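Residue numbers for the sequence shown, in the entry's author numbering: 1 to 74.
Ideal Cβ positions, reconstructed from N, Cα and C, are used throughout, including at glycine.
I have placed the structure first, in the form of structure tokens, so that the comments after it can refer back to it.
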Amino acid sequence: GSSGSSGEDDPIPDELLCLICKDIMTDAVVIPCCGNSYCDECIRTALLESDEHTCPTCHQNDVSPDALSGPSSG
Ligand SMILES: [Zn+2]
Ligand SMILES: [Zn+2]
């Protein structure tokens, strides 16, 4: 050996991932209804998926989509 870089490391932890597609959340958004990490889109589509805007984590009714920590209109 005698080359270097002797040691295994752990990649981005789960805590830094969404509970939907498990993909880096370019724009972490925390929902008020309950509070969870979801991709700017993940949370966007979700609300759509269901008949109406009903948060997946906690059955909500019209969860303030703007409330999210996204000043870019979402
Ligand atoms: Zn996602
Ligand atoms: Zn919720």
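Measuring alpha carbon to alpha carbon, tell me which residue in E15, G35, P71 is nearest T57. The residue given as residue 57 occupies position 57 in the sequence shown. A check of alpha carbon separations from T57 across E15, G35, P71 identifies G35 as the nearest.
Under 7 Å Cβ to Cβ from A67, same chain only, skipping five residues before and after it: list those, please. Along the sequence shown, read from residue 1 onward, the residue named residue 67 stands at position 67. If we look at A67 and ignore the five residues flanking it on each side, its Cβ neighbours are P32.
Specify, as a first and last residue, the run of the alpha helix (DSSP H) that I24 falls within. Position 24 of the sequence shown holds residue 24. Premise fails: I24 is in no alpha helix (DSSP H) and is neither H nor E.
Could you check whether the Cβ of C58 sits closer than 7 Å to any heavy atom belonging to ligand 1? Taking the first residue of the sequence shown as 1, we reach residue 58 at position 58. No, the beta carbon of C58 sits no closer than 7 Å to any heavy atom of ligand 1.
Entirely enclosed alpha helix (DSSP H) segments - the region 28–70, minimum 4 residues: Listed in chain order, the complete alpha helix (DSSP H) runs (minimum 4 residues) inside the region 28–70 are 42–49.
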